[PDB]
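Worksheet for the structure shown next.
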Amino acid sequence: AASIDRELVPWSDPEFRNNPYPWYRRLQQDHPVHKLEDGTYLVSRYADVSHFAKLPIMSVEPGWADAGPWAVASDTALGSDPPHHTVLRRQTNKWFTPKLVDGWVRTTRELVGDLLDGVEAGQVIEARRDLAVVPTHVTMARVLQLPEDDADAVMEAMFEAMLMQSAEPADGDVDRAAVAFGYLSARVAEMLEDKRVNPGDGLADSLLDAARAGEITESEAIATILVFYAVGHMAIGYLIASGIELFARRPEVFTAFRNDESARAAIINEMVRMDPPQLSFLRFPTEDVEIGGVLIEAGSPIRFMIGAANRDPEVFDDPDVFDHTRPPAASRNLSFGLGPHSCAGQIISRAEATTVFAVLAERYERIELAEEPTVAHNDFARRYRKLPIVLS
Ligand code: HEM
């Protein structure tokens, strides 16, 4: 009964957390629309995720009903369906046009440079903190115009907060998320009181101006500021780390990234395809909908399996192999999601990854692992703890 669920997707199994893709291979071929004992439908075919996930009947709002500690993020873009979604989303889009982005990642460039300047031949660099988390965190903090010194505490807070996004939380996880979020709310409250008294001209000032003007509410401003401030480092952090590891295991790819500027975007997009940091998302249909022959009742949670779908053989040949010379079309992945809740940090993310890899490219020819990486993945979200590298 609930043992067919455990055969197919054992959410807590350590090996499944390390590498689910072999479970996904079977989920997608044999049970591409699967009803779970608790009532959640898993949709795992690409054509299916692509067509159905963006339909206007797919609401985000019930996902936030008993959010607990996550209630603090609910007055942001991901907690609203259109038409109110558009009003929020627009407030951050106008800060990440591609020209503005080129500006923001200068910060990322400086910082990776300052760090490599202080390294000696053969010195083991801990890539996760020093090339992924701090640079991206500080970059976003400077866009917002907020203090930039708390990367380490912001990351552990969000590590803890994310555990309750698992389909199978452990006893205690909701409680760890209360600790984390109450920490992030207090720090944001503190920085914003300092900002009310001494305004800047950053994205936080823009959202606060917007609330004083009535374009959004005070609460949407505060919450939108907190989400960006706290996730500035997070899934993009994972991506940069993942790319660094792949460069080390497949050095010809790093070489290709060094020597061919026009291949870079495609190299990054293949890294994104093959190792998405958020492995799924939930939507709740406002009316009955039929997918893959199964009728899904209005209100049922649907879980769209991004990771599963990025390996769909009816779209990508030899899906488990890294190949950056795929055509453009049979190289669209779902890692940044789709439809109106398509990632509001997609443009800056791609640029930050490009930039960090660029600075590495400019100075070194080889990346190597000093030890096996240390990971802390779950069934919803992937994570590195430590990625020790030697550059040469
Ligand atoms: C660079 C910092 C990032 C920020 C500030 C950011 C921010 C956000 C925000 C604000 C949303 C909700 C958008 C809306 O509902 O209108 C979102 C959605 C999402 N982001 Fe990001 N993101 C970042 C990096 C990434 C990266 C690198 C990935 C994936 C590789 C990613 C994956 C996603 C996914 C899958 C969604 C959609 C989830 C859903 O629809 O339920 N994010 N992001």
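One-based numbering, in listed order, for ligands and for the atoms of each. Quick note: numbers below take in every heavy atom, side chains included, and nothing from hydrogens, waters or symmetry partners. Residues take their numbers from the sequence shown, with the count starting at 1.
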Exercise answer: donor-acceptor pairs, residues 219-231 side-chain atoms, under 3.5 Å, sequence neighbours excluded:
residue	atom	partner	partner atom	Å
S219	OG	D75	OD2	2.5
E220	OE1	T217	N	3.0
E220	OE2	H84	NE2	2.8
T224	OG1	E220	O	2.5

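Aromatic ring orientation, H31 versus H34: perpendicular (interplanar angle above 60°, classes split at 30° and 60°). Between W95 and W104, the angle of the ring planes stays under 30°, which puts this pair in the parallel group of the 30/60° scheme.
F380 and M158 fall within a single hydrophobic cluster, where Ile, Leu, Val, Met, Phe, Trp and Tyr side chains are chained together by heavy-atom contacts under 4.5 Å.
Counting heavy-atom neighbours within 6.0 Å of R106 CZ, excluding the residue itself, gives a total of 12 or less.
The existence of a salt bridge linking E362 and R109 is confirmed by a sub-4.0 Å separation between a basic side-chain nitrogen and an acidic carboxylate oxygen.
Within 4.0 Å of ligand 1, contacts by protein heavy atoms are made from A77, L78, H85, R89, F228, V231, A235, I236, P277, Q278, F281, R283, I306, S335, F336, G337, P340, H341, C343, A344, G345, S349.
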